[PDB]
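Structure record follows, encoded as structure tokens.
Protein chains: 2
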Amino acid sequence: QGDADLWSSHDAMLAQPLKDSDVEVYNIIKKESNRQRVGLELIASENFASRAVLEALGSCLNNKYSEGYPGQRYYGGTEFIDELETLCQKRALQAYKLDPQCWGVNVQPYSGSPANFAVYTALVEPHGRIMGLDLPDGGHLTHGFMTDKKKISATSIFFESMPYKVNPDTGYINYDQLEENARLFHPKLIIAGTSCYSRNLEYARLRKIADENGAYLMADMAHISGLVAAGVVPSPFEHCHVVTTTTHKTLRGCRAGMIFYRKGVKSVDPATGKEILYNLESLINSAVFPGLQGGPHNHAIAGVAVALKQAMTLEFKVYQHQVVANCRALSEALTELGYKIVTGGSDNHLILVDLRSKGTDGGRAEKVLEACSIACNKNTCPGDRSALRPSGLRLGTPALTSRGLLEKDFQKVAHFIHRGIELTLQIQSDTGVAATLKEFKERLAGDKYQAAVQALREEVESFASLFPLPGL
Amino acid sequence: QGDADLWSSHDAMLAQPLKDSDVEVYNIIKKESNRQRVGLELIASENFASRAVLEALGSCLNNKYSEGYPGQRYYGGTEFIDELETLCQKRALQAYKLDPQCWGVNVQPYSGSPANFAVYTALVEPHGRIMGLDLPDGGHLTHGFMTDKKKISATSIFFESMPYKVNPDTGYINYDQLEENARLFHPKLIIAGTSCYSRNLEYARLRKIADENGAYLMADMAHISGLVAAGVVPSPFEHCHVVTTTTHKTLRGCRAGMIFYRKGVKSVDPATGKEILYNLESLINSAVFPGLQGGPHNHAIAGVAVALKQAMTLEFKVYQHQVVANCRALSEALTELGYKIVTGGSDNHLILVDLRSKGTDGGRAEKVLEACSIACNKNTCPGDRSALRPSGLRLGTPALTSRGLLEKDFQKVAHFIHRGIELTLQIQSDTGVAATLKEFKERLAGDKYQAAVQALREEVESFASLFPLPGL
């Protein structure tokens, strides 16, 4: 009751450090930090957020309910939150060199997938038709996915999605098939965005297609957010009606998302001779809130702001150029070493390596390379048969580049990857002429292989150890 | 790189602190912290997170992609993430004293509204019927809300919702109306959860009603999560099939959400005599991922974990008892002063004050009180004429209680609130027999009153300034 002692014990609790309260978690965090430090990060969706950003996530901004938008709030005392949110929005539009009279932005999305879902809610409405790249061809779940057996992605549950595909030769999106199919399916909205594609998108062509079908062109630039900001790859802003993005990945911020949308005259009705105006702002705004979300995560919005500020520095622009340089280096190196690079190469931060040119699959390689502290993700290539046996490894440069790695370094990486593949091959051949993934993992745990793995792992960790790990 | 130095300054940026990189944000955070410190926070959905929690939010856990669940990943190298997620789940089931064979919990929801949407996705499926308390009667948007014009809440867009009402004469939920209407509408899922109700729910009765209609009984304990943890209030776990919650509010963690669900026997099939098992785990799990969400917010999950650990301390249990004590104190004081308290009082952390007993509305009062550094939120009382003129103020104790306030302190607060109300009335009468809430705000900003308001504000701030403000 009174037990002031306890009440203090209580006041005390709330103020005692992480280290001291719940050590278990403190350790976990530190163990993970160590893991990040000693490993070679080639997962294209990963990056390391700056200290500034992390510092903002840890703020008291966590505490404040700010339902609604700046200047239309449903709670009081949002004067500082409003500075923040407005600042964030302003910085975002700056970072992408967008005219405030032609663009607005909502910065409340909790993450990427929330952002996309919000746009579909605002513009497509239930059962509305969406087309995105088929998942095995480098699409993302949120861009739609269903099998004959189940509607899998929420996009494909609450909307009718159909995929457009990448030509299993060229390795490029087959915009022509898209065109024909779009005329049959009548999409309400077409997504211009990938999770695994080495090439820029023909936005201008996509927009032709969309306008032809009276659909919206929504770009998901999550993967190339940062690349576009630094102008190292074409901007989708120039042709799309709406652009969604993640604030992490190449934008190197905390996990959150953003929706950019067109403001101004959509078209003039010669029938009325007057201008019909983009309504996207109210729809999207209403979709996010009070449609889908509740309380904004202000501590996340702060982190995004911090990220955006960094995005407009010259160091950032350089970083992005380097990111793409590194990717090219890595691609060239593997290609020289005889590996097949889907599409031939890369215009961006990732490549898709068709391990079939070495006679193995990403399914296996992923797991081995993992055991050697080389983090990548498997990923099907055009013309893959079973997605239980993906042919490909998706490799990207953002994470390592943020560590400092340059072209020569990326070449050394390509070599470490190669050793990884050799090991994979060894295991597979003892695995027997068509062993299961199961038997493969068992043999990998096998004593003979564990020795080879430990070898490579050590070299890999020491190499990674030599570069810093942003954010502390 | 060409400009090594520039590259060196790049590495620098990523590691240099917030205070130094982006002072603008730094100030904003500090100004907000100050705002929180000097104000009296009585917004029922607010609380102050412990430093430990905020520390975890700040961590590099932000960086890791861990799509999927522990031992069903889509990424390699989730070994520590897996510890964390599993740890979190373990702690969640502990904190709620749930039988792990009959309950599971998913801890990935980005926030509360995401959690609920995920449950409806898993169990209700599109256009499925949901019943929740009508919003102006103390429901939440995510429990459905739709007007003769427009489906507002995403719940009400993608599912068919119809509300059950609070008896305007008693201020209680009208469980009978529920019963009758449920048999007309046939809900697939019935929500047991409020955003503004002073009383416990008959989970008991609701379960009869749900079972009667073959519906699921989903409790949204967002507001009372902490109360339930400390057992200061009857638990929904005992009757509901699923329980969703926010990890802030009374749980005093960071902003995120969680979904508890039943595992085990649904019912012996007397027809067969074997066991019909609960499939809730896979449904909910699949809904959250890969249905609705992408990358888990691991840094948020960490924060939640830390919170849950604190929830299991005796200091926490004390805090909760105090929270309810404080609410009673505040309620009793106002009631004594002649103010009308919806339902007569409170079993929990909040009261709904019908300012009609003092001849005014929450619309006005909220703004006055705001200007005096007393945060609450306006709110309709059951049977208010129109949503445009809310008669009510929702007041809660969690935030201030976490600061240290006890019963006597809460009484002083009730008195400060009263002065607020007096000022409200003064302005209103000069606002005259008519006049918009706009005109009221203008008169309030008027020189005359700004003097009085600055007086009250100063007193209020000095009182608040005397208590600590959790988080470092």
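Which chain is which? The protein sequence lines are D and A, in order. When we follow the deposited numbering, the leftmost residue of the first sequence carries the number 9, and every step to the right adds one. When we follow the deposited numbering, the leftmost residue of the second sequence carries the number 9, and every step to the right adds one. The C-beta atom is built at its ideal place from N, Cα and C for all residues, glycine as well.
Endpoints, beta strand (DSSP E) assigned at A:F297: That residue, A:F297, is in no beta strand (DSSP E); it is neither H nor E in DSSP.
When you compare the region 58 to 65 of chain A with the region 81 to 90 of chain A, are there three or more beta-carbon pairs, one atom per stretch, that lie closer than 8 angstroms? no
Segment contact flag, the region 434 to 441 of chain D with the region 15 to 29 of chain A, C-beta cutoff 8 angstroms, min 3 pairs: no
DSSP has D:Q44 in a bridge; who is on the other side? Looking at the DSSP output, D:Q44 bridges to nothing.
Per DSSP, the bridge partner or partners of D:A264: D:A264 pairs with nothing; no bridge assigned.
Contacts around A:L288, its chain only, beta-carbon distance under 6 angstroms, and the 5 residues preceding and following it disregarded: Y269 and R270
Check for me: the alpha helix (DSSP H) holding A:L322 runs from which residue to which? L322 to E344 is the extent of the alpha helix (DSSP H) around A:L322.
Taking D:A57 as the query, report the chain A residues whose CB atoms sit under 9 angstroms from its CB, ordered along the chain. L22, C68, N70 and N71
DSSP on D:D455, reduced to helix/strand/coil? helix
As an exercise, report each continuous beta strand (DSSP E) stretch of at least 3 residues that is fully enclosed by the region 113 to 158 of chain D, in chain order. 137 to 141
Contact with chain D by A:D19, beta-carbon distance below 8 angstroms: yes
Going along the region 293 to 311 of chain A in order, which residues come within less than 7 angstroms of chain D, judged by CB to CB distance? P298, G299, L300, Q301, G302, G303, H305, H307 and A310
Looking at the structure shown, is A:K446 part of a helix, part of a strand, or coil, going by DSSP? A:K446 falls in the helix class under three-state DSSP.
Proximal chain A residues relative to D:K157, where beta-carbon distance stays under 8 angstroms: Going along chain A, no residue has its Cβ under 8 angstroms from D:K157, so there is no contact; the nearest lies around 13 angstroms.
When the cut-off is 8 angstroms and only beta carbons count, does D:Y118 lie next to chain A? yes
C-beta contact flag for D:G352 and D:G179 at 8 angstroms: yes
Kindly indicate the opening and closing residues of the alpha helix (DSSP H) around D:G201. No alpha helix (DSSP H) contains D:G201, which is instead part of the beta strand (DSSP E) from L197 to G201.
Is the Cβ of D:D417 closer than 8 angstroms to any Cβ of chain A? no
With a cut-off of 8 angstroms, do at least 3 Cβ pairs link the region 111 to 124 of chain D to the region 282 to 300 of chain D? Yes: the two stretches touch, three or more of their Cβ pairs being nearer than 8 angstroms.
Residues in the region 88 to 115 of chain A having any Cβ partner in chain D nearer than 8 angstroms: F88, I89, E91, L92 and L95
Is the Cβ-Cβ distance between D:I359 and D:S121 less than 8 angstroms? no
Is it buried or exposed for D:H423, if we count other Cβ within 10 angstroms and need 16 for buried? By the neighbour-count rule (16 or more Cβ atoms within 10 Å), D:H423 is not buried but exposed.
DSSP three-state label for D:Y224, please. strand
Does any C-beta atom of chain A lie closer than 8 angstroms to the C-beta of D:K317? yes
Please identify the residue among D:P278, D:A279, D:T254 and D:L259 whose C-alpha is closest to the C-alpha of D:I267. D:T254
For D:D177, which of helix, strand or coil comes out of DSSP? coil
According to the Cβ coordinates, are D:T163 and A:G302 closer than 8 angstroms? no
Considering only DSSP beta bridges, list what D:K416 is partnered with. Answer is none; D:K416 lacks a bridge partner.
Listing by chain order, which chain A residues have their CB less than 7 angstroms from the CB of residue 1 of chain D? Because chain D in this structure spans residues 9 to 480, residue 1 of chain D falls outside the shown range and cannot be described.
Measuring straight from C-alpha to C-alpha, what distance separates D:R451 and D:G47? 23 angstroms
Give me the chain A residues within the contact set of D:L480, using Cβ-Cβ distance strictly less than 8 angstroms, ordered along the chain. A23
So, helix, strand or coil for D:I359, using DSSP? strand
As a quick exercise: from A:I232, A:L401 and A:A341, pick the residue whose alpha carbon is nearest that of A:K375. A:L401
Just confirm the distance between the C-beta atoms of A:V332 and A:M226, as a whole number of angstroms; I'd bet it's less than 8 angstroms. With a Cβ gap of about 24 angstroms, A:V332 and A:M226 do not count as contacting.
Report the option in A:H247, A:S473 and A:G234 whose CA atom is closest to the CA atom of A:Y224. Checking every option, the nearest Cα to that of A:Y224 belongs to A:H247.
Of all the beta strand (DSSP E) runs that stay within the bounds of the region 354 to 408 of chain D, which reach a length of 3 or more residues? 358 to 362, 385 to 387 and 400 to 404
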